[PDB]
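One chain follows as structure tokens, the form deposited in one PDB entry.
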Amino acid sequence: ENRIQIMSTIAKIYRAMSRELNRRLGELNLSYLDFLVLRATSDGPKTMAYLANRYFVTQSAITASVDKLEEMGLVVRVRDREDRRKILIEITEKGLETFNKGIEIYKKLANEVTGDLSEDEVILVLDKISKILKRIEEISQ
């Protein structure tokens, strides 16, 4: 039925976008996950626990990505002044610059794939799947 095919198509779209994004972001020395870590920290410091839960990846995966971004000088580990173990991952100026480039790549790709859709069509689909997202997130956790 249709409700099943919408979710199944959403899944296939994600897999294909994941493959292509890892490919295009590769030129910025980033993996798709690395880019997500930058997107997440672009608007404020994030705990490593949040990163893992928000993007449904393992803790080691996040540790791996954070260490890499840190070595690359795109993020820094900030510790509380009184409790140095309270860690937050903060994006650096360089990190923001790279993130913005990642965004332009993401933007370009998005325009290509949604090419057969008009502005209004894009609008209709967006407003509706946002309902789906709201529900699954209420259900999943």
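Don't overthink the numbering: it's just position in the shown sequence, from 1.
Below: the form deposited in another entry, not depicted.
If you assign each C-alpha to whichever superposition fits it better, residue 51 and residue 96 land in the same rigid part between the shown form and the other one. With a change of no less than 3 Å, the CA-CA distance between residue 134 and residue 55 is larger in that other deposited form than in the form shown. Between residue 82 and residue 45, the Cα spacing is smaller in that other deposited form than in the shown form, differing by no less than 3 Å.
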